[PDB]
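Shown below: work.tsv, with TSV, N, CA and C atoms.
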chain	number	residue	atom	x	y	z
A	1	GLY	N	146.11	48.00	-185.64
A	1	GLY	CA	146.33	48.26	-187.05
A	1	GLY	C	145.13	48.90	-187.72
A	2	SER	N	144.18	48.06	-188.15
A	2	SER	CA	142.98	48.55	-188.81
A	2	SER	C	142.41	49.77	-188.08
A	3	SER	N	141.65	49.52	-187.02
A	3	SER	CA	141.05	50.59	-186.25
A	3	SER	C	141.75	50.75	-184.90
A	4	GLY	N	141.40	51.81	-184.18
A	4	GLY	CA	142.00	52.05	-182.88
A	4	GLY	C	141.74	53.46	-182.38
A	5	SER	N	141.20	53.56	-181.16
A	5	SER	CA	140.90	54.85	-180.57
A	5	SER	C	140.84	54.75	-179.05
A	6	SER	N	142.01	54.77	-178.42
A	6	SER	CA	142.10	54.67	-176.96
A	6	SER	C	141.12	53.63	-176.43
A	7	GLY	N	141.12	52.45	-177.04
A	7	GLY	CA	140.23	51.39	-176.61
A	7	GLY	C	140.02	50.34	-177.68
A	8	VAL	N	140.81	49.27	-177.61
A	8	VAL	CA	140.70	48.18	-178.58
A	8	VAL	C	139.60	47.20	-178.20
A	9	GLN	N	139.43	47.00	-176.90
A	9	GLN	CA	138.41	46.08	-176.41
A	9	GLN	C	137.02	46.49	-176.90
A	10	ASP	N	136.03	45.64	-176.65
A	10	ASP	CA	134.66	45.91	-177.06
A	10	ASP	C	133.78	46.22	-175.86
A	11	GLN	N	133.18	47.41	-175.85
A	11	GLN	CA	132.32	47.82	-174.75
A	11	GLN	C	131.24	48.78	-175.24
A	12	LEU	N	129.99	48.47	-174.92
A	12	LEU	CA	128.87	49.31	-175.33
A	12	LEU	C	128.77	49.40	-176.85
A	13	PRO	N	127.54	49.54	-177.36
A	13	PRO	CA	127.29	49.64	-178.80
A	13	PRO	C	127.79	50.95	-179.39
A	14	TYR	N	127.82	51.02	-180.71
A	14	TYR	CA	128.28	52.22	-181.40
A	14	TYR	C	128.19	52.06	-182.91
A	15	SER	N	127.92	53.15	-183.61
A	15	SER	CA	127.80	53.13	-185.06
A	15	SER	C	128.62	54.25	-185.70
A	16	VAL	N	129.73	53.88	-186.33
A	16	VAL	CA	130.60	54.85	-186.98
A	16	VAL	C	130.22	55.04	-188.44
A	17	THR	N	130.38	56.26	-188.94
A	17	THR	CA	130.06	56.58	-190.32
A	17	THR	C	131.25	57.19	-191.04
A	18	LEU	N	131.40	56.87	-192.32
A	18	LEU	CA	132.50	57.39	-193.13
A	18	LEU	C	132.00	57.86	-194.49
A	19	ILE	N	132.37	59.09	-194.85
A	19	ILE	CA	131.97	59.66	-196.13
A	19	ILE	C	133.18	60.11	-196.94
A	20	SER	N	133.32	59.56	-198.14
A	20	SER	CA	134.43	59.90	-199.02
A	20	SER	C	133.93	60.45	-200.35
A	21	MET	N	133.89	61.78	-200.46
A	21	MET	CA	133.43	62.43	-201.68
A	21	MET	C	134.56	63.22	-202.32
A	22	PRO	N	134.58	63.23	-203.67
A	22	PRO	CA	135.61	63.95	-204.43
A	22	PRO	C	135.46	65.46	-204.33
A	23	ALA	N	136.56	66.14	-204.02
A	23	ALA	CA	136.55	67.59	-203.89
A	23	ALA	C	135.23	68.09	-203.31
A	24	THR	N	134.84	69.30	-203.69
A	24	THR	CA	133.59	69.88	-203.21
A	24	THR	C	132.84	70.59	-204.34
A	25	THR	N	133.09	70.15	-205.57
A	25	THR	CA	132.43	70.74	-206.73
A	25	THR	C	133.02	72.11	-207.05
A	26	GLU	N	134.34	72.23	-206.94
A	26	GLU	CA	135.02	73.49	-207.21
A	26	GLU	C	134.63	74.55	-206.19
A	27	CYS	N	135.02	75.80	-206.46
A	27	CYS	CA	134.71	76.91	-205.57
A	27	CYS	C	134.96	76.52	-204.11
A	28	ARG	N	134.42	77.31	-203.19
A	28	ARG	CA	134.59	77.05	-201.77
A	28	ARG	C	133.83	75.79	-201.35
A	29	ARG	N	134.20	75.24	-200.20
A	29	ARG	CA	133.56	74.03	-199.69
A	29	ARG	C	132.04	74.20	-199.65
A	30	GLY	N	131.36	73.19	-199.11
A	30	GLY	CA	129.91	73.25	-199.02
A	30	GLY	C	129.42	73.36	-197.59
A	31	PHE	N	130.19	72.81	-196.66
A	31	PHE	CA	129.83	72.84	-195.25
A	31	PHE	C	130.95	73.46	-194.42
A	32	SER	N	130.58	74.06	-193.29
A	32	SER	CA	131.55	74.69	-192.40
A	32	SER	C	131.78	73.85	-191.15
A	33	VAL	N	132.94	74.02	-190.53
A	33	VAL	CA	133.28	73.27	-189.33
A	33	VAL	C	133.79	74.20	-188.23
A	34	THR	N	133.73	73.74	-186.99
A	34	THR	CA	134.19	74.53	-185.85
A	34	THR	C	135.45	73.93	-185.23
A	35	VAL	N	136.41	74.79	-184.92
A	35	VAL	CA	137.66	74.34	-184.32
A	35	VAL	C	137.83	74.91	-182.91
A	36	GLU	N	137.92	74.02	-181.93
A	36	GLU	CA	138.08	74.44	-180.54
A	36	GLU	C	139.48	74.11	-180.03
A	37	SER	N	140.14	75.10	-179.45
A	37	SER	CA	141.49	74.92	-178.93
A	37	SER	C	141.55	75.24	-177.44
A	38	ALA	N	140.38	75.49	-176.85
A	38	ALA	CA	140.29	75.82	-175.43
A	38	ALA	C	141.16	77.02	-175.09
A	39	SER	N	142.40	76.76	-174.67
A	39	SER	CA	143.33	77.82	-174.31
A	39	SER	C	144.72	77.55	-174.88
A	40	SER	N	144.75	76.88	-176.03
A	40	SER	CA	146.02	76.55	-176.68
A	40	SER	C	146.06	77.11	-178.10
A	41	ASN	N	146.84	76.46	-178.96
A	41	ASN	CA	146.97	76.90	-180.35
A	41	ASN	C	146.52	75.79	-181.30
A	42	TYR	N	146.74	74.55	-180.90
A	42	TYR	CA	146.36	73.40	-181.72
A	42	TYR	C	144.87	73.10	-181.59
A	43	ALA	N	144.42	72.05	-182.27
A	43	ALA	CA	143.02	71.66	-182.22
A	43	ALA	C	142.73	70.79	-181.01
A	44	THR	N	141.48	70.79	-180.56
A	44	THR	CA	141.07	70.00	-179.41
A	44	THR	C	139.75	69.29	-179.66
A	45	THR	N	138.86	69.96	-180.40
A	45	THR	CA	137.55	69.39	-180.71
A	45	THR	C	136.97	70.02	-181.97
A	46	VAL	N	136.28	69.21	-182.77
A	46	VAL	CA	135.67	69.69	-184.00
A	46	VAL	C	134.18	69.39	-184.03
A	47	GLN	N	133.39	70.36	-184.48
A	47	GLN	CA	131.95	70.21	-184.55
A	47	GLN	C	131.41	70.76	-185.87
A	48	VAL	N	130.31	70.18	-186.34
A	48	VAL	CA	129.69	70.62	-187.59
A	48	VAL	C	128.73	71.78	-187.35
A	49	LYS	N	129.10	72.96	-187.84
A	49	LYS	CA	128.27	74.15	-187.68
A	49	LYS	C	127.13	74.15	-188.69
A	50	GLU	N	127.47	74.28	-189.96
A	50	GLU	CA	126.47	74.30	-191.02
A	50	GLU	C	126.79	73.25	-192.09
A	51	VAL	N	125.75	72.77	-192.76
A	51	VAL	CA	125.91	71.76	-193.81
A	51	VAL	C	124.85	71.91	-194.89
A	52	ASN	N	125.28	71.91	-196.14
A	52	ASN	CA	124.36	72.05	-197.27
A	52	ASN	C	124.17	70.71	-197.98
A	53	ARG	N	122.92	70.27	-198.08
A	53	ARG	CA	122.61	69.01	-198.73
A	53	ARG	C	122.70	69.14	-200.25
A	54	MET	N	122.61	70.38	-200.73
A	54	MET	CA	122.68	70.64	-202.16
A	54	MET	C	124.13	70.67	-202.64
A	55	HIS	N	125.00	71.30	-201.85
A	55	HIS	CA	126.41	71.39	-202.19
A	55	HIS	C	127.09	70.03	-202.09
A	56	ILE	N	126.63	69.21	-201.15
A	56	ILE	CA	127.19	67.88	-200.95
A	56	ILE	C	126.49	66.85	-201.84
A	57	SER	N	125.41	66.28	-201.33
A	57	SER	CA	124.65	65.28	-202.08
A	57	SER	C	123.75	64.47	-201.15
A	58	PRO	N	122.71	63.85	-201.73
A	58	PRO	CA	121.76	63.04	-200.97
A	58	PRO	C	122.38	61.74	-200.46
A	59	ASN	N	123.63	61.51	-200.82
A	59	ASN	CA	124.34	60.30	-200.40
A	59	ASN	C	125.09	60.54	-199.09
A	60	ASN	N	125.95	61.55	-199.08
A	60	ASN	CA	126.72	61.88	-197.89
A	60	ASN	C	125.90	62.72	-196.92
A	61	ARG	N	124.74	63.18	-197.38
A	61	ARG	CA	123.86	64.00	-196.56
A	61	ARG	C	123.33	63.20	-195.37
A	62	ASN	N	123.17	61.90	-195.57
A	62	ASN	CA	122.67	61.02	-194.52
A	62	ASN	C	123.74	60.74	-193.47
A	63	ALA	N	124.96	60.49	-193.95
A	63	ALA	CA	126.08	60.21	-193.06
A	63	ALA	C	126.42	61.43	-192.20
A	64	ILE	N	126.70	62.55	-192.85
A	64	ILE	CA	127.04	63.78	-192.15
A	64	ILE	C	125.79	64.60	-191.85
A	65	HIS	N	125.94	65.61	-191.00
A	65	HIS	CA	124.82	66.47	-190.63
A	65	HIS	C	125.25	67.49	-189.58
A	66	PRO	N	124.54	68.63	-189.54
A	66	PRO	CA	124.83	69.71	-188.58
A	66	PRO	C	124.48	69.32	-187.15
A	67	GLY	N	125.49	69.25	-186.29
A	67	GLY	CA	125.27	68.89	-184.91
A	67	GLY	C	126.16	67.75	-184.45
A	68	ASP	N	126.69	67.00	-185.41
A	68	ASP	CA	127.56	65.88	-185.10
A	68	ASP	C	128.96	66.35	-184.74
A	69	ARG	N	129.90	65.42	-184.65
A	69	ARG	CA	131.28	65.74	-184.30
A	69	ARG	C	132.26	64.94	-185.15
A	70	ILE	N	133.16	65.64	-185.83
A	70	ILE	CA	134.15	64.99	-186.68
A	70	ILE	C	135.30	64.43	-185.85
A	71	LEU	N	135.49	63.12	-185.92
A	71	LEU	CA	136.55	62.45	-185.18
A	71	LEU	C	137.87	62.52	-185.94
A	72	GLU	N	137.83	62.18	-187.23
A	72	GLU	CA	139.02	62.21	-188.06
A	72	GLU	C	138.71	62.82	-189.43
A	73	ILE	N	139.69	63.52	-189.99
A	73	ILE	CA	139.53	64.15	-191.29
A	73	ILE	C	140.54	63.61	-192.30
A	74	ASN	N	140.03	63.04	-193.39
A	74	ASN	CA	140.89	62.48	-194.43
A	74	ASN	C	141.62	61.24	-193.93
A	75	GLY	N	141.27	60.80	-192.72
A	75	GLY	CA	141.91	59.63	-192.14
A	75	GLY	C	142.99	59.99	-191.14
A	76	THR	N	142.80	61.10	-190.44
A	76	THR	CA	143.77	61.55	-189.45
A	76	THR	C	143.08	62.07	-188.20
A	77	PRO	N	143.72	61.86	-187.04
A	77	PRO	CA	143.19	62.30	-185.75
A	77	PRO	C	143.21	63.82	-185.60
A	78	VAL	N	142.03	64.42	-185.48
A	78	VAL	CA	141.91	65.86	-185.34
A	78	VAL	C	142.44	66.32	-183.98
A	79	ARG	N	142.41	65.42	-183.01
A	79	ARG	CA	142.89	65.73	-181.67
A	79	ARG	C	144.38	66.05	-181.68
A	80	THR	N	145.03	65.74	-182.80
A	80	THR	CA	146.46	65.99	-182.94
A	80	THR	C	146.74	66.97	-184.07
A	81	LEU	N	145.89	66.95	-185.09
A	81	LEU	CA	146.05	67.84	-186.24
A	81	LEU	C	145.85	69.30	-185.82
A	82	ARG	N	146.94	70.05	-185.79
A	82	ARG	CA	146.89	71.46	-185.41
A	82	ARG	C	145.73	72.16	-186.11
A	83	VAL	N	145.19	73.20	-185.46
A	83	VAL	CA	144.08	73.96	-186.03
A	83	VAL	C	144.27	74.18	-187.52
A	84	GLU	N	145.39	74.79	-187.89
A	84	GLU	CA	145.69	75.06	-189.29
A	84	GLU	C	145.49	73.81	-190.14
A	85	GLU	N	145.85	72.66	-189.59
A	85	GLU	CA	145.71	71.39	-190.30
A	85	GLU	C	144.24	71.01	-190.45
A	86	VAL	N	143.49	71.15	-189.36
A	86	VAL	CA	142.07	70.82	-189.37
A	86	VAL	C	141.30	71.73	-190.33
A	87	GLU	N	141.80	72.94	-190.51
A	87	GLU	CA	141.16	73.91	-191.40
A	87	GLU	C	141.61	73.69	-192.84
A	88	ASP	N	142.92	73.54	-193.03
A	88	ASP	CA	143.47	73.33	-194.36
A	88	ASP	C	142.74	72.20	-195.09
A	89	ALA	N	142.59	71.07	-194.41
A	89	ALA	CA	141.91	69.91	-194.98
A	89	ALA	C	140.62	70.33	-195.68
A	90	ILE	N	139.84	71.17	-195.02
A	90	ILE	CA	138.58	71.65	-195.58
A	90	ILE	C	138.82	72.51	-196.82
A	91	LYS	N	139.84	73.36	-196.75
A	91	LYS	CA	140.17	74.24	-197.86
A	91	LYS	C	140.32	73.44	-199.16
A	92	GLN	N	140.84	72.23	-199.04
A	92	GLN	CA	141.03	71.37	-200.20
A	92	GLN	C	139.74	71.23	-201.00
A	93	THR	N	139.68	71.90	-202.14
A	93	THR	CA	138.50	71.86	-203.00
A	93	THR	C	138.82	71.19	-204.33
A	94	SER	N	139.76	70.25	-204.31
A	94	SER	CA	140.15	69.54	-205.52
A	94	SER	C	140.63	68.13	-205.19
A	95	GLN	N	140.27	67.65	-204.00
A	95	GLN	CA	140.66	66.32	-203.57
A	95	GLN	C	139.54	65.64	-202.79
A	96	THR	N	139.60	64.32	-202.70
A	96	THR	CA	138.59	63.55	-201.99
A	96	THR	C	138.55	63.92	-200.51
A	97	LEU	N	137.47	64.55	-200.08
A	97	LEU	CA	137.31	64.96	-198.69
A	97	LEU	C	136.65	63.86	-197.87
A	98	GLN	N	137.42	63.24	-196.99
A	98	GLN	CA	136.91	62.17	-196.14
A	98	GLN	C	136.52	62.70	-194.76
A	99	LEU	N	135.34	62.32	-194.30
A	99	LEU	CA	134.84	62.76	-193.00
A	99	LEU	C	134.30	61.58	-192.20
A	100	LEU	N	134.83	61.39	-191.00
A	100	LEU	CA	134.39	60.30	-190.13
A	100	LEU	C	133.46	60.82	-189.04
A	101	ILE	N	132.16	60.63	-189.24
A	101	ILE	CA	131.16	61.07	-188.27
A	101	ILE	C	130.80	59.94	-187.31
A	102	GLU	N	130.60	60.30	-186.04
A	102	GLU	CA	130.24	59.32	-185.03
A	102	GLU	C	128.74	59.37	-184.72
A	103	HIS	N	128.10	58.21	-184.77
A	103	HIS	CA	126.66	58.13	-184.50
A	103	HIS	C	126.39	57.23	-183.30
A	104	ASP	N	125.80	57.81	-182.26
A	104	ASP	CA	125.49	57.06	-181.04
A	104	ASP	C	124.08	56.48	-181.11
A	105	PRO	N	123.87	55.34	-180.43
A	105	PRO	CA	122.57	54.66	-180.40
A	105	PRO	C	121.53	55.44	-179.61
A	106	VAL	N	121.91	55.92	-178.43
A	106	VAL	CA	121.00	56.68	-177.58
A	106	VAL	C	120.05	57.53	-178.42
A	107	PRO	N	118.80	57.65	-177.95
A	107	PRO	CA	117.77	58.43	-178.64
A	107	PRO	C	118.04	59.93	-178.58
A	108	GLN	N	117.47	60.67	-179.52
A	108	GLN	CA	117.66	62.12	-179.58
A	108	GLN	C	116.92	62.80	-178.44
A	109	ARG	N	117.64	63.60	-177.66
A	109	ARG	CA	117.06	64.31	-176.53
A	109	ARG	C	116.06	65.36	-177.01
A	110	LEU	N	114.81	64.94	-177.17
A	110	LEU	CA	113.75	65.84	-177.63
A	110	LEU	C	112.98	66.42	-176.44
A	111	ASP	N	111.78	66.93	-176.71
A	111	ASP	CA	110.94	67.50	-175.67
A	111	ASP	C	110.54	66.45	-174.65
A	112	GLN	N	109.49	66.74	-173.88
A	112	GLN	CA	109.01	65.82	-172.87
A	112	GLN	C	107.50	65.94	-172.70
A	113	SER	N	106.79	66.00	-173.82
A	113	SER	CA	105.33	66.12	-173.80
A	113	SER	C	104.70	65.25	-174.89
A	114	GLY	N	104.28	64.05	-174.51
A	114	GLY	CA	103.66	63.15	-175.46
A	114	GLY	C	102.19	63.46	-175.69
A	115	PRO	N	101.47	62.50	-176.29
A	115	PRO	CA	100.04	62.65	-176.58
A	115	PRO	C	99.19	62.65	-175.31
A	116	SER	N	98.89	63.84	-174.80
A	116	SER	CA	98.09	63.98	-173.59
A	116	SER	C	96.77	63.21	-173.72
A	117	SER	N	95.97	63.23	-172.66
A	117	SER	CA	94.69	62.53	-172.65
A	117	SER	C	94.86	61.09	-173.13
A	118	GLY	N	94.94	60.17	-172.17
A	118	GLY	CA	95.10	58.77	-172.51
A	118	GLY	C	96.34	58.50	-173.34
Could you write out this file's structure as structure tokens?
Amino acid sequence: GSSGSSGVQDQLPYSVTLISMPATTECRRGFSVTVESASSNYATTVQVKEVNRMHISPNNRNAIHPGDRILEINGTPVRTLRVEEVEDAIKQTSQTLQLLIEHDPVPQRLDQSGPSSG
């Protein structure tokens, strides 16, 4: 009922994020998204291309960010929401835009050169 994503049981840690902001301040949205369909017509995967902290806000700016992956939009599975659907949702510039970002515990894969010499 409440939650559910091909796995009700509990395994390994995880931190989910949810951002619910009203419209996008008129005009066009503030951030762009990527739609992958592999070799089909519907959606298969969504990724955050660009994101503006000014167009959005210092509140949802922490939750969302460029590089993450949108699991659900407005409270719906993108893995099922046809491309047009995944895009239309964004077009909505007069309604509460909900974005569910997934945050993993694992550390950020950075370089591999610490403080040399001792």
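If you look at atom N of residue 57 of chain A and atom N of residue 91 of chain A, they are 16.7 Å away from each other.
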6.5 Å contact set for residue 44 of chain A, only N, CA and C atoms, chain neighbours under 4 positions out, as a JSON list (two decimals) with N, CA and C atoms, keeping the file's coordinate frame:
[["chain", "number", "residue", "atom", "x", "y", "z"],
["A", 35, "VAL", "N", 136.41, 74.79, -184.92],
["A", 35, "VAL", "CA", 137.66, 74.34, -184.32],
["A", 35, "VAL", "C", 137.83, 74.91, -182.91],
["A", 36, "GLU", "N", 137.92, 74.02, -181.93],
["A", 36, "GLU", "CA", 138.08, 74.44, -180.54],
["A", 36, "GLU", "C", 139.48, 74.11, -180.03],
["A", 37, "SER", "N", 140.14, 75.10, -179.45],
["A", 37, "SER", "CA", 141.49, 74.92, -178.93],
["A", 37, "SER", "C", 141.55, 75.24, -177.44],
["A", 38, "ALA", "N", 140.38, 75.49, -176.85],
["A", 38, "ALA", "CA", 140.29, 75.82, -175.43],
["A", 38, "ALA", "C", 141.16, 77.02, -175.09],
["A", 78, "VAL", "N", 142.03, 64.42, -185.48],
["A", 78, "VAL", "CA", 141.91, 65.86, -185.34],
["A", 78, "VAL", "C", 142.44, 66.32, -183.98],
["A", 79, "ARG", "N", 142.41, 65.42, -183.01],
["A", 79, "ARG", "CA", 142.89, 65.73, -181.67],
["A", 79, "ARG", "C", 144.38, 66.05, -181.68]]
Given only C-alpha atoms as the basis, pick out the residue of A:67, A:1, A:103, A:84 nearest to residue 42 of chain A.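 With only C-alpha atoms as the atom set, the closest residue is A:84.
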Using all atoms listed in the file, find the one residue out of A:43, A:25, A:83, A:71 that sits nearest to residue 56 of chain A. A:25
Write out as a Markdown table a residue-level contact list of segment 51-105 of chain A versus segment 6-20 of chain A with cut-off 6 Å: for each qualifying residue the closest pair of atoms and the distance in Å to one decimal, counting all atoms listed in the file, rows sorted by chain and residue number upward.
| residue | atom | partner | partner_atom | distance |
| --- | --- | --- | --- | --- |
| A:60 | CA | A:19 | CA | 6.0 |
| A:96 | C | A:20 | C | 5.8 |
| A:97 | C | A:20 | CA | 4.7 |
| A:98 | CA | A:19 | C | 4.3 |
| A:99 | N | A:19 | C | 4.1 |
| A:100 | CA | A:17 | C | 4.5 |
| A:101 | N | A:17 | C | 4.0 |
| A:102 | CA | A:16 | CA | 4.9 |
| A:103 | N | A:15 | C | 4.1 |
| A:104 | CA | A:15 | N | 5.3 |
| A:105 | N | A:14 | CA | 5.5 |
Listed atoms of segment 4-13 of chain A, axis-aligned box, 4 Å per side: centre and edge lengths to one decimal in Å, as lines of an AutoDock Vina configuration file?
center_x = 134.7
center_y = 50.2
center_z = -179.5
size_x = 22.8
size_y = 17.2
size_z = 17.4
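Atom N of residue 94 of chain A lies 6.9 Å from atom C of residue 24 of chain A.
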Given only C-alpha atoms as the basis, pick out the residue of A:117, A:63, A:110, A:29 nearest to residue 88 of chain A.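 Closest to residue 88 of chain A, using only C-alpha atoms: A:29.
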Would you work out the distance separating atom CA of residue 95 of chain A from atom CA of residue 75 of chain A, expressed in Å to one decimal?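 One can read the atom CA of residue 95 of chain A to atom CA of residue 75 of chain A distance as 13.3 Å.
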